[PDB]
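Report on the structure given below.
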Amino acid sequence: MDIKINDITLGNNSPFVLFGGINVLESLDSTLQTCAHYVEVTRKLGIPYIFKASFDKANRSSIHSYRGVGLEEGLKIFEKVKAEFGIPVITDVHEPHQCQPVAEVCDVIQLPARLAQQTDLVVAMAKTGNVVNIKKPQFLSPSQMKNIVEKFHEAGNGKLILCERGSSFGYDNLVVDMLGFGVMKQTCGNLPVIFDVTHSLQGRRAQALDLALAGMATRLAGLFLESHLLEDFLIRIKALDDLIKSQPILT
Amino acid sequence: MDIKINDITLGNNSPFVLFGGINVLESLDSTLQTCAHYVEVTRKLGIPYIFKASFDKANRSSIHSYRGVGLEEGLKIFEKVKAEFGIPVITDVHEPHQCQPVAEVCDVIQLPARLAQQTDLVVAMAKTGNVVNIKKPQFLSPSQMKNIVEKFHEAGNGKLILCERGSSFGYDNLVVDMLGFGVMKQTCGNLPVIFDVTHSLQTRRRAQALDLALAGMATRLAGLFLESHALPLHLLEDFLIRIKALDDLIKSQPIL
Amino acid sequence: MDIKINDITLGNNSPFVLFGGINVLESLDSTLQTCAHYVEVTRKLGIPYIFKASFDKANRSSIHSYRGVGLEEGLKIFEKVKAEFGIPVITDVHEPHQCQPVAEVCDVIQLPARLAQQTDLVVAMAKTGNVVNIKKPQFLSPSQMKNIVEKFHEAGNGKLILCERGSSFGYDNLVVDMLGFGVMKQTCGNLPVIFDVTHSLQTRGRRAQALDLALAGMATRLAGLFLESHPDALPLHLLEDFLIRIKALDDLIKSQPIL
Amino acid sequence: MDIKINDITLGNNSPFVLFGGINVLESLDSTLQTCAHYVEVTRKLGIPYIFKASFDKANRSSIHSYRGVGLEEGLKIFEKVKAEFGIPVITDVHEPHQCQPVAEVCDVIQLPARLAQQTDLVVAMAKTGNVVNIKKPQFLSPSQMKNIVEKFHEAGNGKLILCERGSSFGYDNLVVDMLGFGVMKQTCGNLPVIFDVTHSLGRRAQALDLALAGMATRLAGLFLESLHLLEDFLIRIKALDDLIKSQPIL
Ligand SMILES: [Cl-]
Ligand SMILES: [Cl-]
Ligand SMILES: [Cl-]
Ligand SMILES: [Cl-]
Ligand SMILES: [Cl-]
Ligand code: NA
């Protein structure tokens, strides 16, 4: 099943879409500068691109780390990003009451992994009618994603993306099960599956590349980066993706 | 470090405390009945007791599943429990705005395992000043609990209980690492460590719960956390006679 | 099901048996000194005791580190242990040809975890008619132990002990699943289950850990505890204090009927 | 570091080599038939090929289950394969005393994963001087492979292949950590790394996804088992491998 995001086609047999940006929104000027770099590199390669940032990040590593400019200023920044570049945007929501006003502006709304079974948030997100990115918890097996999908369907929204971020592997360590992509496709109606390589990890750039290439080899809708260098990386991913997506799914 | 919960002393070298009750509050009458049974059994066995229930099941499989009585009615039921039995109570909170009104009634407030890294909730819970039970996420290692403790400390609340509930082991399965209890004691300032045997089984019986509970309590713990309806309620007394026997033995031996 | 090992009764509802000794036989005099210490402490506490050592260490830290004294001299040292102290002994075998000569001297023969699905070794061990200790591989689940048991039964030997030694938990780390003991008892006919606490740690002071882990396991009602000490692995001089604690817990548990 | 196996160049920046065959040798005729098929598919696609089989099934479900032809007859069959097709062959050895006679016939000798820390078997394999395929235990981290490599080096043999076969993931399950390939290359001197997709695991769809993902990390070779499913798989793997190997290392 493909999902249209403005003029982008997102789907497991379409050219991959890059989801990338910055961790937390701080100012209009800085956001535009980073966004402009993603836009320039992706336009030069012909890769569809969706800008990501948090306006209120609720899971930072310290309680006084800056959580972002907050809802009202964050949405004003996202509006400017959209007007200036003509691209879609994505952000995470963690409070049910924020879903509607965020959805007025942000094309894709993201369900944080830890909150993925929180029924009130699921329902509030679903009711926006927007495209939703469902982050797979590291403690949930790929055959359980279908339960989350079901809850969205019950709440009236089938525009769902499933986003892999690794699985717990002993203590303090994540492994990405490359077989889980196919499990999610088969059990969840071939919804678009994208791969958050950045959170899947924890030199490092060489790791991100191997891991990204390995995941994209399985035929995926997109690559998600919590992130010369970007360009070189994307050249390699696009080479692999172009090859994979050009061959028909096996008989 | 011990924690006083009204007249109860909770600590890793004190007699174990039972945190026991039910999954979710369904009605006043059923709650009082179950609670009365826990109280009667624990008083006669001389086991200190805190009543547990959720007022909301927030992460059920269906949008149409029963969720429990909800905050307003739930707090009314907790108020009646406290007035009728004179015992402390514990319940979980899922949203920052719930913390202060819940804490006005419930002695211990609990941080759900999945939400344990949500900073907004941590801060809102810390600011209540109440005793907090931190459910250890299945996906976090015992050495990383200190990071959560640090956040609460930075927010000004040091009255924290660490609650084991098992670790992810491959897909859809949990294992309890009996070494993790000591790791938590050593790295988190010997705060009280309790064991939720009920949720540790998770994805596996009365025989199993008893073996697992005894194993964990053998490592010298401040308490045991459990649900009945989950253990059959009528087996509670026999179960607790066993856990107390072991706990009395273990706590009577000097540490080292 | 109980197993008689000379005058010892090994079983899940019997007083726990200590299987203790050393990693590898390296000498005579030092073996006897270590054994004597175990003997003295266990006799003083009334704990049944079986001396353990390998004569040939299969997985060595380096290719030239000493493998141990080998079969022939190893068996001679086991003979001396048995003659001097009157106790049973346990050792591991690695090749089918070793099974007969080791079984003639040793009261229990041990199937190494890494070799536990090697059919030729299983058959050769089973055919000795000796008591066998089966080490549970870290990569095998507890419900699969029944398949090894089956193969022994097909080959004519039901005198089997199951030994826990942890499960792989992510990379280079072991967890002991305390529920696996009961799984092994339920699926394998209530054969004796013992716990190798020494190899369960492995990848993790260590003394405080060994005690916590041993106490936790023994709380589930087990036939025995399997450990290694070093003569200066638990410090040998702390053995009495360690055993006092294990005995206290075991005596309590075993004194209550199963629920 | 590349390894020459007759006229095949095996290495992490060379075109991938297929190691394929059957589980256990049952008879000459079946073996030649299966081998002929692999040879015919690989030749037509231009993929270097090494025939694999075990002469013994060391873990049988029953004490009475079929065992395979055994060492003596097995080696005779490997000799015929080599004479008829002119290709290298690979087999596993489980006991030290087997190493020298097997190594007389088989080009590559394989160290089984559960036996990879058995020091007597390591030394006896090293001493053959043959190319050795070291199966990574499911219970070992990729950073520990350097310790096994060290032992082989100390015993005088540096012709070593490292082979991924998955890691224990809870009970009765395996996962393949795609980051382990790079860890093994960086810590073990860029020895050839290959991927046993068969033992890492409809199910044919799984093998293809997994094989593609692993080969995307740039590897020396693959293990695979067999309406023309083998050829359809290999067409895809070769396309990907050619692409990956054509990009400069970053
Ligand atoms: Cl997560
Ligand atoms: Cl709970
Ligand atoms: Cl959890
Ligand atoms: Cl041993
Ligand atoms: Cl093992
Ligand atoms: Na004997």
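The figures here come from the full heavy-atom set of this structure, side chains too, leaving out hydrogens, waters and symmetry mates. All chains are named by letter (A, B, ...) in the order of the sequence lines, taking the proteins before the strands, and each is independently numbered beginning at 1.
No hydrogens or angles considered: nothing links the side chains of C:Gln118 and D:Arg114 as a donor-acceptor pair under 3.5 Å. Side chains of D:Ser167 and D:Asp177: no donor on one and acceptor on the other come within 3.5 Å. Side chains of D:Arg236 and A:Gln247: no donor on one and acceptor on the other come within 3.5 Å.
Proximity of a side-chain donor or acceptor of A:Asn12 to a complementary backbone N or O of A:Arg219 within less than 3.5 Å is not detected. With D:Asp92 contributing its side chain and D:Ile109 its backbone, the two residues share no donor-acceptor pair below 3.5 Å. Side-chain atoms of D:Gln206 never come within 3.5 Å of backbone atoms of D:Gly202 as a donor-acceptor pair (strictly under, hydrogens ignored). With hydrogens and angles disregarded, a donor-acceptor distance shorter than 3.5 Å links the side chain of A:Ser200 to the backbone of A:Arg165. A side-chain donor-acceptor contact under 3.5 Å links A:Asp241 to the backbone of A:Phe16. Checking side-chain atoms of D:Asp56 against main-chain N and O of D:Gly68 turns up no donor-acceptor pair under 3.5 Å. Using a distance-only test at 3.5 Å, with no hydrogens or angles considered, a donor-acceptor pair links the side chain of D:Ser200 to the main chain of D:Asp196. Checking side-chain atoms of A:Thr9 against main-chain N and O of A:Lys4 turns up no donor-acceptor pair under 3.5 Å. Judged by distance alone, with hydrogens and angles left aside, the side-chain atoms of D:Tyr49 form no donor-acceptor pair with the main-chain N or O of D:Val17 at under 3.5 Å. Under a 3.5 Å cut-off, the side chain of D:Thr217 and the backbone N or O of D:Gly214 do form a donor-acceptor pair.
In this structure, D:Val122 and D:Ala116 approach most closely via the heavy-atom pair CG2-O, 3.8 Å.
Taking the centre of each ring, D:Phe19 and D:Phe51 stay at or above the 6.0 Å mark. Annotation: B:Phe169 is in aromatic contact with D:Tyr171 [ring centroid separation under 6.0 Å].
Rounding to the nearest 0.5 Å gives a distance of 8.0 Å between CG of D:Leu115 and CD of D:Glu95. To the nearest 0.5 Å, atoms NZ (D:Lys146) and CE (D:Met184) are separated by 14.0 Å.
D:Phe223 carries D:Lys135 over the face of its six-membered ring, with the cationic atom under 6.0 Å from the centre and within 45° of the normal.
Contact check on D:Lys238 versus D:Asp242 returns a salt bridge, with a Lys/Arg side-chain nitrogen under 4.0 Å from an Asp/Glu carboxylate oxygen. Between D:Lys76 and D:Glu79 there is no salt bridge, since no side-chain N of the basic residue sits under 4.0 Å from a carboxylate O of the acidic one. Using a 4.0 Å cut-off between a side-chain N of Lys or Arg and a carboxylate O of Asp or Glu, A:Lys159 and A:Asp2 do not qualify as a salt bridge.
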TODO: Evaluate the criterion side-chain contact (heavy atoms from CB on, under 4.5 Å) for residue pair D:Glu164 and D:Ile194; output intermediate values, then yes/no.
DONE: CA-CA 6 Å; D:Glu164 168 69 38; D:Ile194 65 175; over 6 Å; no

TODO: Would you sort out whether A:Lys185 and D:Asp209 count as a salt bridge (charged side-chain N to carboxylate O under 4.0 Å, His left out), showing the intermediate values?
DONE: CA-CA 13 Å; A:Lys185 295 178 199 172; D:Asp209 278 2; 5.2 Å; no

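The number of heavy atoms from other shown groups lying within 6.0 Å of NZ (A:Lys245) is above 12.
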